[PDB]
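**Q** Experimental structure and sequence below, a few questions after.
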Number of protein chains: 4
Amino acid sequence: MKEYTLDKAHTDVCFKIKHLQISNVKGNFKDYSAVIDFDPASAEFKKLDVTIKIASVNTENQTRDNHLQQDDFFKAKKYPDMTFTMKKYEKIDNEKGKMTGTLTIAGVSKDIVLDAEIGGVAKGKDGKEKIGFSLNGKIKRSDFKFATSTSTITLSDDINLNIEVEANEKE
Amino acid sequence: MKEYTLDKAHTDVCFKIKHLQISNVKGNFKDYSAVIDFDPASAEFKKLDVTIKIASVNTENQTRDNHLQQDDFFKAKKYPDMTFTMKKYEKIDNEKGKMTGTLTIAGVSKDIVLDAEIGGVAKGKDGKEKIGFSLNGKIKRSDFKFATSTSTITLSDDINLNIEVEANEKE
Amino acid sequence: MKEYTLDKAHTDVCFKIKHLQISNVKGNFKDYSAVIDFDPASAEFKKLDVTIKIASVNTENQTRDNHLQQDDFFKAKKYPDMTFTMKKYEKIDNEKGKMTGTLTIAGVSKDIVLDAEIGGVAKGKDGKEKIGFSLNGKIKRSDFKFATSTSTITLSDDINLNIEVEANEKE
Amino acid sequence: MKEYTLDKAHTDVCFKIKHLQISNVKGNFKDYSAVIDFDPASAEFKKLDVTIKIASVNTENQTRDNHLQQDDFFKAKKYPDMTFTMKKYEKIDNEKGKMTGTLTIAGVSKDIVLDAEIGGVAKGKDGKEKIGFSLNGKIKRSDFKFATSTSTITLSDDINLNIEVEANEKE
């Protein structure tokens, strides 16, 4: 034999190990419209109808947004928009209520409950009405047979919805 | 009631969904030493003994390195170094062989097989010998009862070892 | 060389591959007590106080139940019971309301919302009152710094609570 | 109000929580054939060619076996068999060697290394030759662009192959 001494400068004692990390995908939609009927005297919603253009999704990453539109997700060719239609607002108090409505994602419809939190019914500087309010709720992918090819392991069955609204009186 | 029109500038239609991502943690060690006996005439290793100071770990993130030293991993207070001791080199050809040795991590010892790939036995510019070679192999965390508190789900049971060596003749 | 023909009877062409499966752990508690004040005239809860002996857990598997009592979960030596204390019942209608209360698990307390669904206020055969009702809600392990050693990956951050009650008038 | 006392017999204090579990899927194949050339004088394989009918898979569960044949796995309509072809046997000793060959799964081919362990070259009762031996190795799904729709998270990238053989001399 013969003896050698490492050259530490071009020697590497290395390892690779595989681990999982959980993270929230958080996105909005740039293009949607709604119809908002609300009675400040009784702090009750009368009509709330939303339509969201699936095309306009934004999860802060343009290449994933495209992927969202494909058949294993949105199918935005066949189903260009998702819709919400209020069927019932059950008041809790003047700040709080339980909105029940029909959500449709890619042609499938389920009734959902959103939690309404009224964040200040003012009369804005110009003398015309404003309202702020939020809608919050959890829907299950499986209820809408959504992304069915993707397992509940890789991607959560639960989707959390936060809708934040400022809004001004009509005409 | 009253009708409102969204102000799109301070309205947000948002969602959060939880997904998993797999990734390789890849690290070296800055401080280790070895004893290398190798016969270029027969391209056979005679003795290979490595000691790695656990303290010197580097997974490109100083806060995780600290965590590695703690009780749920290395226990580098009690067990400051990990060691490898060659017990057998079985030649395949002049470029290849199967090294069997004793690895000890935090006081526990198992016999492992590394795959030796001899990357060029030259005689360097100064007239003194050099060798390059790599050692590769997979060890299982569970074999060394390592990180036992962390599940094989979050972090892989398999650790991949790549050792890259350049080395110069002694005296 | 020489040629051979497999004996199919003592030959096996085998593979192993590792996969994940999600599943619900579903358990009750055999021993708990509560204080129930409820006004059938207005279908409103007045007081609801529950205490559950952690010791009495049952997830249909006696060896996991023991494990639940240990330091990485319940710590039932130090914290033998978990408690719920109603702070507010906000009526939705005669069948529905939103109960807010203080839940304590292993010494830590958070305010939670349960969904009350009143399932029939009858007067039982003997002339004395009965009520049926359910309480449902989701709590997050992380809110109670519960099982903190176990990742949100292996075990879900979300715990779903279903409390089913039949109950009879006092004295 | 009015006071009530739980009826413990029709009251349930329940929870559901979601957890992951890892497990090995372990299967064989009932129908395959091979060509085996082996020289007991030098304990070296000369030719080893295997063909496995994908149709004949068995993971101890008939409904998963069917699923294996579908487009997101085997595609056994289009690709009815998988094949292994020895290209090189590099001897380690009389009990051990490193077999390199071409594996094809659903039309895609990669060179793999199996670990040969010769388990006893006897001459059976009738005066004709027998051999026992095993082949072991790990292949990566990703190398064969196999099950590409299924994530490396749900199902492991690594497949472990164990081939166990008894075999008798020809004619």
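**A** Noted; the coordinates are in hand. Numbers count the residues shown, from 1 in each chain, chains lettered A, B, ... in the order given.

**Q** Would you agree residue A:129 is in contact with residue A:123?
**A** Yes. Taking C-beta atoms under 8 Å as the contact criterion, residue A:129 and residue A:123 are neighbours in contact, 5.7 Å apart. C-beta: built from backbone N, CA, C; applies to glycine.

**Q** Looking at those two, which is more packed in?
**A** Applying other C-beta atoms under 10 Å in any protein chain shown to residue A:129 and residue A:123 shows that residue A:129 carries more neighbours, namely 18 against 11.

**Q** For that one, give me its contacts.
**A** Contacts for residue A:129 (C-beta atoms under 8 Å, 6 or more residues apart in numbering or on different chains) come out as A:40, A:121-123, A:168-169, B:2, B:4.

**Q** So which residues on chain A come close to chain C?
**A** Within chain A, the positions near chain C by C-beta under 8 Å from any C-beta of the partner chain are A:20-22, A:90, A:92-93, A:96, A:98, A:138, A:151-153, A:158.

**Q** can you do 6 Å?
**A** Listed as neighbours of chain C in chain A under the rule C-beta under 6 Å from any C-beta of the partner chain: A:20, A:22, A:90, A:92, A:152-153.

**Q** Now, of the contacts of residue A:129, which are buried?
**A** A:40, A:121, A:168-169, B:4 (16 or more other C-beta atoms under 10 Å in any protein chain shown).

**Q** Dump those residues into CSV; add secondary structure as well.
**A** Shown next, in CSV, are the buried ones among the contacts of residue A:129 (DSSP: H, G, I helix; E, B strand; the rest coil):
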residue, secondary structure
A:40, coil
A:121, coil
A:168, strand
A:169, strand
B:4, strand
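
**Q** which two from those end up farthest apart in space?
**A** Spanning the widest gap among these are A:40 and A:168, at 13.0 Å by C-beta to C-beta.

**Q** Could you find the closest non-adjacent residue to residue A:141?
**A** residue A:157 (5.1 Å; C-beta to C-beta, 6 or more residues apart in numbering or on different chains).

**Q** Pairing partners for the strand or helix carrying the one you found, with directions?
**A** Using DSSP states H and E, residue A:157 falls within strand A:155-169. When sheet partners are counted by DSSP bridges, strand A:155-169 sits next to strand A:130-140 (antiparallel), strand B:3-6 (antiparallel), strand B:12-29 (antiparallel).

**Q** How far off centre is that strand?
**A** Offset of strand A:155-169 from its chain centre (C-alpha atoms, centre = their mean, to the nearest Å): 5 Å.

**Q** Likewise for stretch A:44-59?
**A** The answer for stretch A:44-59 is 10 Å, by C-alpha atoms, centre = their mean.

**Q** neighbours around the residue nearest to residue A:59 when sequence neighbours are not counted, how many?
**A** Spatially, and ignoring its direct neighbours in sequence, residue A:59 is nearest to residue A:27 (3.4 Å; C-beta to C-beta, 6+ apart). By other C-beta under 10 Å, 18 other residues sit near residue A:27.

**Q** Which residues are in contact with residue A:27?
**A** The contact partners of residue A:27, by C-beta atoms under 6 Å, 6 or more residues apart in numbering or on different chains, come to A:57-59, B:15.

**Q** is residue A:48 in a bridge, and if so with what?
**A** If you apply DSSP bridges, the partners that residue A:48 bridges to are residue A:36.

**Q** So it sits against residue A:85, correct?
**A** No. Contact criterion C-beta atoms under 6 Å: residue A:48 and residue A:85 do not qualify, at 7.9 Å.

**Q** any idea which element residue A:65 lies in?
**A** helix A:62-69.

**Q** Let me know the angle separating that helix from strand A:12-29.
**A** 60 degrees (axes from the mean of the first three to the mean of the last three C-alpha atoms, to 10 degrees).

**Q** Any part of helix A:62-69 near chain D?
**A** No. Using C-beta under 6 Å from any C-beta, helix A:62-69 stays clear of chain D, coming no nearer than 13.6 Å.

**Q** which strands and helices sit next to that helix?
**A** Contact here means 3 or more C-beta pairs under 6 Å, 6 or more residues apart in numbering or on different chains; DSSP states H and E; on that basis helix A:62-69 packs against no helix or strand.

**Q** Pull the residues that contact that helix.
**A** So helix A:62-69 is in contact with A:57, A:74, A:76, going by C-beta under 6 Å, 6+ apart.

**Q** count of neighbours near the last one?
**A** Pointing back at residue A:76 there. 20.

**Q** same question, the second one
**A** For residue A:74, the neighbour count with other C-beta under 10 Å is 22.

**Q** separation between the residue nearest to it when sequence neighbours are not counted and chain B?
**A** Excluding the flanking residues, the one nearest residue A:74 by C-beta to C-beta, 6+ apart is residue A:54, at 4.7 Å. Using C-beta to the nearest C-beta, to the nearest Å, residue A:54 is found at 12 Å from chain B.

**Q** Residue A:54 is in contact with residue A:73, isn't it?
**A** No. Assessed by C-beta under 6 Å, residue A:54 is found out of contact with residue A:73, at 9.0 Å.
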